[PDB]
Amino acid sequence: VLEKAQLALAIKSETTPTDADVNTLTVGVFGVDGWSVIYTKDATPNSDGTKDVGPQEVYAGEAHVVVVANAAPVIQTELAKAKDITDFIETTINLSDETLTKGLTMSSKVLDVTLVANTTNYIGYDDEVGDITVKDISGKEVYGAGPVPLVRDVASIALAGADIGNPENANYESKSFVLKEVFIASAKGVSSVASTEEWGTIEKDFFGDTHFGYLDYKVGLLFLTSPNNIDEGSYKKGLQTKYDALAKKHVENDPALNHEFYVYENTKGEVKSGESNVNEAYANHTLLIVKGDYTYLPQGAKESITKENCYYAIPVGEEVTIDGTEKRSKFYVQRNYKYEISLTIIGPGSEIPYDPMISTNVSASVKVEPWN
């Protein structure tokens, strides 16, 4: 026999939809002895900038609790079928669901609490454990560290700027670069919903014994595969799935500059075993690729030349500036950070997206900022 209790839970929160919206909360409560209660409710707004999930019946005892914001409808059901905390947090979410209209998927860490029988248990309603009263319903705060923080399950990638410079080599002067398009390649399109620790890794491994492969990478544009297969190259392997949200045309009125792209974690950039001609710095790490028209003046020429529709590809987070003036190598793409990429174009790009021609002719500076 198991005793009954009630649970109400408050989360910390930061009308056009925004990347901080919390529309729904899915709560998984897993007793240490094997019982589980999982439910989804609309998040109720609160005057203090927190949001609540109203009392729900659960069982008494020690339990592990995790909160997911903005789970897609089908994910809500998958989560409700979890039998244990590991299957819950390992639930696979899909990138194509991550819109400001849904709200971005976010999760808490796994909480450990003791639920008291025959009473209202609160999580997140006070900064200390103990008996409290909320709207005349007395009960007990069982977590005691303020409202439960949520961490986004996506990262934000944007091109902050793209201008010209000259190479030391100096066969020529750069004259201009006009941006036409920005897109993302090798975006992991799947992720775990939550991590055990706060802001922990939720990245899905690809290939090996997993069932994720090339179609689970997402890409903003597709290219011709015949006669010259240009949809693949040293920079990008596999037939990846097109997702229109991962490309943006640059037009004066609706710019590609500062447009944010949302992606899941990718630090491993796995390719299939046995692939040829793999540049491991690019394939299949998430890339930001720009296309535009580059104009230069050759040494001693009367006039300049414009190469139209040149590409420049960047592996996102190979080297980052973080905490203002610190540096990290191999940071790649991690959850709940904003990546601001500034490009210095120093020569003509490639006519094709996934291989260079002679030299990359681009230098990139990537700032990473925690998100909001």
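Start at 1 and count along the sequence shown; that's the residue number.
- In the deposited sequence, the stretch from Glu14 to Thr15 hides 4 to 9 residues that have no coordinates.
- Higher mean CA temperature factor, per the PDB entry, when comparing 261-269 with 168-176: 168-176.
- The question of which stretch, 246-254 or 141-149, has the higher mean Cα B factor is settled in favour of 246-254.
- In this entry, the residue among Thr92, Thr286, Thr295, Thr133 with the greatest C-alpha B factor is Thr133.
- Taking only the listed residues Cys310, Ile322, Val333, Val65, the entry reports the highest CA temperature factor at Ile322.
- When all modelled residues of the chain are sorted by CA temperature factor, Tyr282 is found within the middle third.
- Among the modelled residues of the chain, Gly238 sits in the lowest third by CA temperature factor in this PDB entry.
- Sort the modelled residues of the chain by CA B factor and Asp87 lands in the lowest third.
- Split the chain's modelled residues into thirds by C-alpha temperature factor. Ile352 is in the middle one.
- Sort the chain's modelled residues by C-alpha temperature factor and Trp199 lands in the middle third, per the entry.
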